[PDB]
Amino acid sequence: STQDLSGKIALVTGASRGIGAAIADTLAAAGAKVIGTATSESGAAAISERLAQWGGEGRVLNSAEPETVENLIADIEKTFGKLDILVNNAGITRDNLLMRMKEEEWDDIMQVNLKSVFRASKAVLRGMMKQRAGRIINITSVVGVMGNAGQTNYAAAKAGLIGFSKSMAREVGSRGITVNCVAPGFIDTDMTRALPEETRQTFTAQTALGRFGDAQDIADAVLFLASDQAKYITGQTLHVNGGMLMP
C-alpha cells in the first residue's frame, strides 16, 4: 500500500490550470507517465513544458468533437500499452438564473461536463477490463451535492456525474476497477478569485477550517484514490471542502 505510481500511465483531462494542473503534476511526481489535455495548442504546449521534468506531455482535446477522445485514448494505449488511470477534470461553467438560462447554456454544460465523461470512461474501459486493473476518478463540485442558485445547469451535470460514477462502479468492479469522485469545495482558483468579497467571506465562514483550500488538496486526494491505498474504495464521493458540507 504505497503511492508509487512508477510504470503507470495516466490521462488527466483539463490539465492546463488550477486543480487539473495540480493533479497532473502530482501523479507525474508520484512516478506515473502523465498525459494532460487542454482545449488549445498553447494550453497543450504549456502542459508539455510543465510536465517535461517527469516525462509527461500535453495534448489537445476538444471534448465536444466526435471521435477525438477515443482516438487520443487509442493512441495512448498503442504507444504505452495500457491506460491505468483516467482523471476526468475537464469542465466549464455557463452560470445563469433558470429564468434567463439559454438552451445553449444548458446544452453546452451537459456536453462538456457530463457527456465528455461518458465518452472518455467508455473508451478506456476495454483496456482496463482486459488488464483487470484500473482507476477512474471524476472531479465533481460540492454544488452537485448541495445545489447552487445560478447553477442549475452546472449542478445538474456535476450531480449526474456522481450518478454515472456509481453506476459504472457497479459494472466494472468485478474486474477490480474502481470509480470514484472527488468533490472540491471552495478552492483557490480563477473562478473563486473572480468572486466578490461578501461571497468569498460568506464562503470561508461556512468552512470549519475558516479558509479556502488549495488545488494541491484536490490533487492529494486524487493521488490517494489512484493508488494501491484505495483499492477497496469504489463508488464514493470524497469531499475535500474544509468542512463546508458534511454528508
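The first residue of the sequence shown is number 1, and the count goes up from there.
In this entry, the higher average B-factor at the C-alpha atoms falls on 5-13, of the pair 5-13 and 229-237. Note on 179-187 vs 208-216: mean CA B-factor is higher in 208-216. Sorting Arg170, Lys102, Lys115, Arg135 by the CA temperature factor given in the entry leaves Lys102 at the top. Ranking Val222, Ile35, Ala194, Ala28 by the C-alpha B-factor listed in the PDB entry places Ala194 at the top. For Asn96, the recorded CA B-factor ranks within the highest third of the chain. Only modelled residues enter the ranking.
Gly163: CA B factor in the lowest third of modelled residues in this chain (values from the PDB entry). Compared with the other modelled residues of the chain, the Cα B-factor recorded for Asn148 ranks in the middle third. Among the modelled residues of the chain, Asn88 sits in the lowest third by CA temperature factor in this PDB entry.
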